[PDB]
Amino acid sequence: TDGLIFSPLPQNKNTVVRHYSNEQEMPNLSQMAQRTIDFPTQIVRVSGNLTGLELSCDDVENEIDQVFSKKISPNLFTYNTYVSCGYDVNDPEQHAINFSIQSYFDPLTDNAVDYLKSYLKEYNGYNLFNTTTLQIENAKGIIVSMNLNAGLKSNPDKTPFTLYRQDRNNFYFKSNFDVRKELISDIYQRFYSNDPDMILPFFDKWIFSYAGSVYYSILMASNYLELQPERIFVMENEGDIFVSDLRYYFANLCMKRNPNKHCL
């Protein structure tokens, strides 16, 4: 089935992984309107060597959940968090030997912002296992480099399809919150629509200014579309970018939603 599709997470031998996210949830504009200030997206990209510290992966994954993942509620934040812990498969105790935290998250309301500010006073810079510190950074901004695929898919349950056209466009936003408020919500409203005056103006805004004229014929010939909004976070240091491994794309299965069996 179609809509948001999360990309598969990184696989590693002898590693326990926990993944926490509510990014699959459609943005709620009535909730997001309760935030009146711009606030930077939070970035965690932390790792450390645990060899010899006599920790179990359970000790590690649960110390991280008490000081981070459980402090970030799905009803105050949109988040996508990835916690990894490596262990030594030959050690009789199979003690942990490393860990990493990867996360980005946004407060959704002014109350969440207030809670967030007090969370950072208490836990930003927290000492993790006397090896590294929980560092929650401000993203300076985010560049979306978005790919659009249009074409004809013979079997909707398998991945190959015939590619008709491909386009790219790039946008700067202040935070992932804004990306969800402006781009993601528009995707749900107008990318999944067979109303010409919804989807073709959608292409004009996000693909290029007359993509609607180009795509009318293509949309009529096609039955399958994809939007890959790659999120390139820009950090304060020059040349420092962050692209999380937690990726998603939008699949539009026109052959199953429209009577036409096509995208227009």
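We number the residues from 1 along the sequence you see.
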Q: Mind pulling up the entry and telling me whether 104 to 112 or 167 to 175 has the higher mean Cα temperature factor?
A: 104 to 112
Q | Of 29 to 37 and 198 to 206, the stretch whose C-alpha atoms average the higher B-factor in the entry | A | 29 to 37
Q) Based on what the PDB entry reports, which of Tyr79, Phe161, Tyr188, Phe129 has the top C-alpha B-factor? A) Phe161
Q.
According to the Cα B-factor stored in this entry, which of the following is highest: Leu152, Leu148, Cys85, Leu183?
A. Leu152
(Q) Going by the CA temperature factor in the PDB record, which third of the chain does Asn49 belong to: lowest, middle or highest? (A) lowest
Q: Could you look up the Cα B-factor of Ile241 in the entry and say which third of the chain it sits in: lowest, middle or highest?
A: lowest
Q. Split the chain's modelled residues into thirds by Cα B-factor; is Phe99 in the lowest, middle or highest one?
A. lowest
Q | Assigned third (lowest, middle, highest) for the C-alpha B factor of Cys57 | A | highest
Q.
Please place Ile64 in the lowest, middle or highest third of its chain according to the CA B-factor in the PDB entry.
A. highest
